[PDB]
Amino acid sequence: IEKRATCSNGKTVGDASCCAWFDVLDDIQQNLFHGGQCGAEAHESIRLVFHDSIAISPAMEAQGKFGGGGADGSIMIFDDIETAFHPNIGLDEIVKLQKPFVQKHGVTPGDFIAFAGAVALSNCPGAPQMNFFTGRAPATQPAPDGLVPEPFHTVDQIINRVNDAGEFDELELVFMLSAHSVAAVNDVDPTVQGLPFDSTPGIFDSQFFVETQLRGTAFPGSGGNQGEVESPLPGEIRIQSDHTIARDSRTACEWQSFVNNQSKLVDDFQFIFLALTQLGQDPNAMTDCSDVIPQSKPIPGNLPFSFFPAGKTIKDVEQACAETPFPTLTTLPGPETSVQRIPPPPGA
């Protein structure tokens, strides 16, 4: 039973219970995201949503074991346990920055993680208009390990894991990897933190899908780290799983479909992000508080939506989609330039 209501700030929302999230919004925009930025804390918050949510397994439950609660705030509640798992490396820092907000505002940890993830995305130009539903009860048990994918897992292992967790198919796997468009890597190369996956880590766009399809020619920092392969630009990192998903015959044409197609990118990610945040939950038992999330902003300027970074042309693309040739994009002018690092807070 939802009660449409006008909050104290004058805005109308779907249920009166949503109004209290406007105070949470104001607090995290100022004190967690430094004035609404799509910087390191926003990226970490988006990563935390996946690591809290994908830890659920119908297959383990069928074996008599607890397979995890899905989107239940378990990675925050039992952080001493889940953040020690190898796939969750580096997440205790963002969990520690978020905890005080959960305590101050009296919301569940699962609902806060889903909220901060959606607000973080709304700070990145180009993001979809994000949803936010409430209702996740506090987890009562930590998830098991072995449920969050690693960059060195094969494509078959990853496809099978997301299919078990939420009945997601191989095309939906590609949809959710769009989040690597606003993201950096702090713990794979031990000599440098903050290496972005694409040349625009503050913009939700398809440069991740363009740049992962170019030929990898060098390591940005040290060579041969586990789960890392060569990348095409100085300062950019590329992980093994993204590299192989982009070239596998099952997923390569879906990976290429986002290039120069902003509306598909936004619509597909909007859809799959909402689905991840409902894992382990009953959708009809949740409350829609999407009207609290800020409107996303357009990408500023007048460059084409997708482009080759300076120094790269169609000859540097490793075409993997047999149905449709990679689109001929324009190249930015000038010499190749390094992607700038995104320094993380201490402890990342």
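Quick note: we count residues from 1 along the sequence shown, nothing fancier.
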- Item | Of 102-110 and 116-124, the one with larger mean CA B-factor | 102-110
- Message: Regarding 81-89 and 196-204, which shows the higher C-alpha temperature factor on average in the entry?
- Response: 81-89
- Query: Which has the highest CA B-factor per the PDB entry: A275, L214, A165, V266?
  - Reply: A165
- Item | Residue selected from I314, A40, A62, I46 by maximal Cα B factor | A62
- Item | Position of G224 among the chain's modelled residues by C-alpha B-factor, lowest, middle or highest third | middle
- Chain-wide C-alpha B factor ranking for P144, given as lowest, middle or highest third: highest
- Third of chain Cα B-factors occupied by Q281: highest
- Entry-reported C-alpha B-factor of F66 relative to its chain, by third, is highest
- Note on the structure: Entry-reported C-alpha B-factor of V185 relative to its chain, by third, is lowest
